[PDB]
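K.L.:
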């Protein structure tokens, strides 16, 4: 995976918490 | 100011425009956000794009 | 130029007008874009878009092709006012399958990609063979009438015409599906030929102008009658009516009184020249609310295609009959054919339909080639053929080169 794809996934995951 | 400051460090031209109007934050469809309300009042959370 | 407004299509059919960033890469916008359409659908009270198992969200053209994730919206040929479609594409990954024994392996594989014969197709083959069979039967019976005036040709053909039409009626009434209709139509259409020669062969004495009046007349009548009660296969029946009608006028004139064939041929050519301009109007007058509009559109499209075909056939027969390598100003009809072809060659661009435009374009080329062949068969000598061969190959080469180069 590319750097862009990693940050894109990371931003989507950053929206959630326990 | 900080975005324009950062742009210059990247070597990119700062945000600039001509004509009557103003600068504001917008969504991906171009709809501007409310100028008088909190980001917590609107549906904004960590990782959103503007 | 910093942004572009476009219509984005979403689930089950809502179109939403949005102003997108013209230079960011497309992969950056699909996620927040999906949120916005869902927000509007949720407020509208419609069911939002949802994922299913394994897959991804993609942005495609109305043709379905997805846009390259790394390119900018301005880097692609997308302009303000265009429209796009947001879509979910499922994961295609699955295990690979292997078979060792070449005998079983070839059998299993080959059965997937190609279609075997079935009882539905078996009938259409037989139906096509019976149609071919009777058009051969009428041919030999007609050839016999050309040397004999006896009633045999009309007597024997008349019974065939009755039998083929009789069988067709039962098939039409018993039909249930599109496959059943195809078989019925092929059978009925085959009745037109035997009935047609059956009438034309009845008038005694040598064959010619007097019999011709009956033949092209009954032919035109039968084709029109079939079109009225069937209302299907519009284009082909329309073509038979036109070519039959114009031939009946010429037959009647020659039979009653005509100073020369050139006179009749010239008259027909002029009639056709004006008919090309009338064709779109004729087609247009010949024609839950959605059903009426689409039915009107396809019905109209069909009539023009058939109408153009009928005119194209007549001009080439007339034009090639008018020109002559020995009679008088041999060059006059040659150049006249050229000017007549130019109009058709240029006007073809005014119509959007592929087959309509191609038939018009093709109609001009065939006349030029046909004229050279006539001038090569007669007045035969090395100069004639040498010139015609070179002309026929250079002619289309220049046409394609001017368009492709």
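Chains as they are written, first to last, in UniProt numbering: chain Z, 399 to 416; chain S, 52 to 101; chain H, 18 to 304, 344 to 461.
Note that beta-carbon positions come from the ideal geometry of N, C-alpha and C, so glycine has one too.
#1: Sorted by chain position, which residues of the same chain lie with C-beta nearer than 6 Å to residue 189 of chain H's C-beta, five sequence neighbours on each side aside?
#2: Please report how far the alpha carbon of residue 26 of chain H lies from the alpha carbon of residue 143 of chain H, in whole angstroms.
#3: Between residue 46 of chain H and chain S, is any beta-carbon pair separated by less than 8 Å?
#4: Indicate the three-state DSSP secondary structure (helix, strand or coil) for residue 403 of chain H in the structure shown.
#5: In whole angstroms, what separates the C-alpha of residue 59 of chain H from that of residue 28 of chain H?
#6: Just how far apart, CA to CA, sit residue 153 of chain H and residue 123 of chain H?
#7: At 7 Å on the CB atoms, spell out the chain S contacts of residue 412 of chain Z, in chain order.
#8: Would you decide whether residue 431 of chain H is buried or exposed? Buried here means 16 or more other CB atoms lie within 10 Å of its CB.
#9: In three-state DSSP terms, what is residue 198 of chain H?
#10: Quick one: what does DSSP say residue 75 of chain H is sitting in, helix, strand or coil?
#11: Are the Cβ atoms of residue 79 of chain S and residue 54 of chain H separated by less than 8 Å?
#12: Check this for me: beta carbons of residue 182 of chain H and residue 208 of chain H, under 8 Å apart or not?
#13: Just to make sure I have the definition right: I need the residues of chain H whose C-beta is within less than 9 Å of the C-beta of residue 402 of chain Z. Which are they?
#14: Can you tell me whether residue 94 of chain H is buried or exposed, with buried defined as 16 or more other CB within 10 angstroms of its CB?
#15: The beta strand (DSSP E) that contains residue 103 of chain H, what's its start and end?
#16: Round the Cβ separation of residue 101 of chain H and residue 23 of chain H to the nearest angstrom and send it over; I've been treating them as touching at under 8 Å.
#17: Using a Cβ-Cβ cutoff of 8 Å, what residues of the region 222-251 of chain H are near chain S? List them in chain order.
#18: Pull up the distance between the alpha-carbon of residue 403 of chain H and that of residue 455 of chain H, whole angstroms please.
#19: Please list, in chain order, all residues of the same chain as residue 107 of chain H whose beta carbon is under 8 Å from its beta carbon, the five residues on each side excluded.
#20: Alpha carbon to alpha carbon, what distance is there between residue 408 of chain Z and residue 414 of chain Z?
#21: Tell me the rounded alpha-carbon separation between residue 297 of chain H and residue 385 of chain H.
#22: For a contact defined as C-beta to C-beta under 8 Å, what are the partners of residue 50 of chain H on chain S?
#23: Any idea if residue 162 of chain H is buried or exposed, counting beta-carbon neighbours within 10 angstroms, 16 or more meaning buried?
#24: Ordered along the chain, which non-local residues of its own chain (more than five positions away) have a Cβ less than 6 Å from that of residue 35 of chain H?
#25: Look up residue 48 of chain H in the DSSP assignment and say whether it is helix, strand or coil.
#26: Measuring CB to CB, does residue 423 of chain H end up less than 8 Å from residue 453 of chain H?
#27: For residue 275 of chain H, which residues from the same chain have a beta carbon less than 7 Å from its beta carbon, with the 5 sequence-adjacent residues on both sides left out?
#28: Looking only at C-alpha atoms, which of H:438, H:379, H:43 sits nearest to residue 283 of chain H?
#29: Just list the residues that DSSP pairs residue 34 of chain H with in beta bridges.
#30: In the DSSP assignment, the alpha helix (DSSP H) including residue 442 of chain H goes from what residue to what residue?
#31: Please classify residue 359 of chain H as buried or exposed, where buried requires at least 16 other C-beta atoms within 10 Å of its C-beta.
#32: Given that a residue counts as buried once 16 or more other Cβ atoms are within 10 Å of its Cβ, and exposed if not, what is residue 204 of chain H?
#33: Hey, could you find the ends of the alpha helix (DSSP H) residue 60 of chain S is sitting in?
#34: Less than 8 Å separating the beta-carbons of residue 116 of chain H and residue 128 of chain H?
#35: Under three-state DSSP, which class holds residue 211 of chain H?
#36: Does the region 190-200 of chain H come close enough to the region 134-142 of chain H that 3 or more CB-CB pairs lie under 8 Å?
P.N.:
Inspection of the coordinates gives the following:
#1: 201
#2: 48 Å
#3: yes
#4: helix
#5: 12 Å
#6: 43 Å
#7: 97, 98
#8: buried
#9: helix
#10: strand
#11: no
#12: yes
#13: 42, 44, 45, 86, 87
#14: exposed
#15: 100-107
#16: 6 Å
#17: none
#18: 15 Å
#19: 69, 70, 71, 72
#20: 11 Å
#21: 36 Å
#22: 79, 80
#23: buried
#24: 25
#25: helix
#26: no
#27: 281
#28: H:379
#29: H:24
#30: 438-460
#31: buried
#32: buried
#33: 53-61
#34: no
#35: helix
#36: yes
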